[PDB]
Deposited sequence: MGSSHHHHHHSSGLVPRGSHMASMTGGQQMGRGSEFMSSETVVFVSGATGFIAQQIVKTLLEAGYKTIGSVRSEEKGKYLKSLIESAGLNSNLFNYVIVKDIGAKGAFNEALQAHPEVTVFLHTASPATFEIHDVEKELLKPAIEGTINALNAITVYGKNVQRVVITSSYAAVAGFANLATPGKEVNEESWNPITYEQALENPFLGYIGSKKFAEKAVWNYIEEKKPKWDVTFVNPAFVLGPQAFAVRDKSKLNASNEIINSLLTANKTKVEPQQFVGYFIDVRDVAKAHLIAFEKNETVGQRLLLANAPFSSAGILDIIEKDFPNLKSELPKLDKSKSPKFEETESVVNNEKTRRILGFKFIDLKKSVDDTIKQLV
């Protein structure tokens, strides 16, 4: 009876969501940008021993476009759960409002409109948001201070306009705000849950494509193998994926923001792990790091209690990432 729609299903996080849904036996519909991406994903699922009869794809070439999901939800009236995992990709930015904040905000509204009008059987929407909407960064960072599932990044709309880096952060905050504004205003019959991941690391659900460059967050790792250093909170992608299932499965997740952050990390600390665990790689050397004393402290025991499983630690995450390469 439960049919789960997953937007942008070929992505790094979304492929792990799709794999997790199928291991749990859920009928799954993934949106892909092309027939080839859909056939490719189905073949990955087949070659992994999963029941590929549980998976189908729909072609949605442009996920932020007006009405982009209208036809998919006509063709699949059985959808009861909609995991909106993806925001449209962005590239070289010249107009931060028009190229970053606008497509992010309008993309989520356009998706919510289509769900409300065409997804008449949808009971739960899960929004993949971001830890960026929860804690403050750069000069707005609050090192030593606690953030929890109710905290918001204080960045204002105008502050987000200043440069692409803050525009990306602001895009996450104000896209999620658009969802909250849509609920209060239009009062849809479906319930919402948010998953707010920090830096997502870990192995790909199925396959390599190109060992030379992985998804953006995992370039924190592959850059070392291949370096802009980083600091903050990490979360293993498999924990992000499991959290999306709990997000629609439980009643206590309605109106909740699940803070998907495990433990602090640095790029140097990840290099230390690769140095100790992969001796045939003795790599590259750096030193210009940040120290975590720019980061808020995460209190997410509420999330960890709702999720009810133990997170994968950084060593296992990094080890599993390297093994695929």
- Item | Sequence ranges absent from the coordinates, based on the deposited chain and numbered from 1 | 1 to 39, 266 to 272, 329 to 333, 377
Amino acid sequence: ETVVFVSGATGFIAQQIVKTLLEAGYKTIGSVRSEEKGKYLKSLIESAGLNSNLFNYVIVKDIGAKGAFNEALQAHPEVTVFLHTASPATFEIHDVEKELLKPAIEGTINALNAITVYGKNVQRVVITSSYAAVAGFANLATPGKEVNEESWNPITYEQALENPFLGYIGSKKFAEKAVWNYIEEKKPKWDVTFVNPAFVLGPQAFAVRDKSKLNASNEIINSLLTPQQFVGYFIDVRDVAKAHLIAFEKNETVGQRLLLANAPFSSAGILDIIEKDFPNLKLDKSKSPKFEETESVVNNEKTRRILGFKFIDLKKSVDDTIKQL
From here on, numbers count along this sequence of modelled residues.
- Given the B-factors recorded for C-alpha atoms, which segment has the greater mean, 60 to 68 or 285 to 293? 285 to 293
- Query: Mean C-alpha B-factor higher for 305 to 313, or for 9 to 17?
  - Reply: 305 to 313
- Query: According to the deposited entry, which of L54, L271, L259, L41 has the largest Cα B-factor?
  - Reply: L271
- Which is it among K177, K250, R238, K213: the one with the largest CA B-factor in the entry? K213
- Message: Quick check for you: using the entry's CA B-factors within this chain, is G144 in the lowest, middle or highest third?
- Response: highest
- Message: Ranking the modelled residues of this chain by C-alpha B-factor as given in the entry, is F206 in the lowest, middle or highest third?
- Response: middle
- By the record's CA B-factor, is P264 among the lowest, middle or highest third of residues in the chain? middle
- Classify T193 as lowest, middle or highest third according to the C-alpha B-factor given in the PDB entry, relative to its own chain. lowest
- If you rank every modelled residue in this chain by C-alpha B factor, which third holds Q159: lowest, middle or highest? middle
